[PDB]
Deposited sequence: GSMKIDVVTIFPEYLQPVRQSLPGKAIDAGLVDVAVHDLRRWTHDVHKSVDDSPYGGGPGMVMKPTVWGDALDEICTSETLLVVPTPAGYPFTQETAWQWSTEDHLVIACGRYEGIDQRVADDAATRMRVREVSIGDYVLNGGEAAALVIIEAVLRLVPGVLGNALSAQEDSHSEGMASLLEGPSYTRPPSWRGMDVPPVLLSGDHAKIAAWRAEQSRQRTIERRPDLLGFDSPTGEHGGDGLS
C-alpha cells in the first residue's frame, strides 16, 4: 500500500503514469500553481548572487509541501546535483508508505525548502544519470516506474536474447540455445554477459 504525490507545474506530463496502474497503490498529481500567492501565479524568481535562469520560490514550495507531506513522508527531489538513484534505492523506496516527488526546473528549488523539510521528514535529492534535463518531470517518471514495478501488486549485463524464427535475414539463433544442454547454455550466457560487460560497461568490473 503506497501513496505517491507528485508536485509539478506540468501536471499533464504525469497523467500517463496515472493511466498505467493496473488494479489497485495510489498516484496523485498536483499543479504547483495551486499554492502560488499572486494573480500572476509566480513560481520562480531571479537567483541571489546573479546568474542565468530562475530559482523556484521557497514560499510557494513551502506551502505545497506543508499541505501534502507528513512526518511519515519520504520527500524525493529529482536534481542533476543529487545522490545517484540506483536499483538499490528503488528497492529501499518500494517499501515506503508515502512518497512525495517535488519536480523543479534544473536551476533548482531554493535550497531552504529541502533544508526546512529535512527537519521534519526524510528528504532525498537524487539524480537519475549524468545528463541535464530542463526539469525533474521525466526523472520522476523514471523513478515512479523503477519503484512501483518492485511493489508486489503491480554485477554483469544481460547478454543477447532470441526468439522465433530460428533463421531471420541470414542470421541464425546461436545453436547452443537449441541444444537442450542447459548447463552449457548457462555457461554460454555467462560468457556473453562477460564480453558485453567488458565492451559496454567496464566500470562494472573494476
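**Q** May I ask you to mark the stretches of the deposited sequence that the structure leaves without C-alpha coordinates?
**A** Deposited residues absent from the model fall in 1, 26 to 31, 162 to 178, 231 to 244.
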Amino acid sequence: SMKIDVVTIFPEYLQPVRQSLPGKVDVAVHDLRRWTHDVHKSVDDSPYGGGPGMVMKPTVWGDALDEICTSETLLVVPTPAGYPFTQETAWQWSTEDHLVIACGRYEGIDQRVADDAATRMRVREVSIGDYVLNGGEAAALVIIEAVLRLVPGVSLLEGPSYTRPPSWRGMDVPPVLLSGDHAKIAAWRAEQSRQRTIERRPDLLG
From here on, numbers count along this sequence of modelled residues.
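Rigid core: the largest C-alpha set superposing within 1.5 Å between the two forms.
**Q** After a rigid core fit, does 183 to 191 or 10 to 18 show more C-alpha displacement in 8 other deposited structures of this protein?
**A** Farther on average in 8 other deposited structures of this protein: 10 to 18.
**Q** Which of 145 to 153 and 164 to 172 lies farther, on average, from the shown form in 8 other deposited structures of this protein once the rigid core is superposed (C-alpha RMS)?
**A** Comparing 164 to 172 with 145 to 153, the one that moves more in 8 other deposited structures of this protein is 145 to 153.
**Q** May I ask you to compare 36 to 44 and 56 to 64 by their mean CA B factor in the entry and name the higher one?
**A** On average, C-alpha B-factors are higher across 36 to 44.
**Q** Given the B-factors recorded for C-alpha atoms, which segment has the greater mean, 169 to 177 or 47 to 55?
**A** Mean CA B-factor is higher for 47 to 55.
**Q** Quick one: classify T73 as lowest, middle or highest third of the chain based on its Cα B-factor.
**A** Middle third of the chain for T73's C-alpha B-factor.
**Q** Looking at the entry's B-factor column for C-alpha atoms only, identify whether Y131 ranks in the lowest, middle or highest third of its chain.
**A** Middle third - that is where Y131 ends up once the chain's C-alpha B-factors are sorted.
**Q** Among all modelled residues of this chain, ranked by Cα B factor, put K24 in the bottom, middle or top third, i.e. lowest, middle or highest.
**A** Tercile = highest for this residue's CA B-factor.
**Q** Ranking every modelled residue in this chain by its Cα temperature factor as given in the entry, which third contains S161?
**A** For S161, the deposited C-alpha B-factor lands in the middle third.
**Q** Going by the recorded CA B-factors, say which third of the chain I144 sits in, lowest, middle or highest.
**A** For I144, the deposited C-alpha B-factor lands in the middle third.
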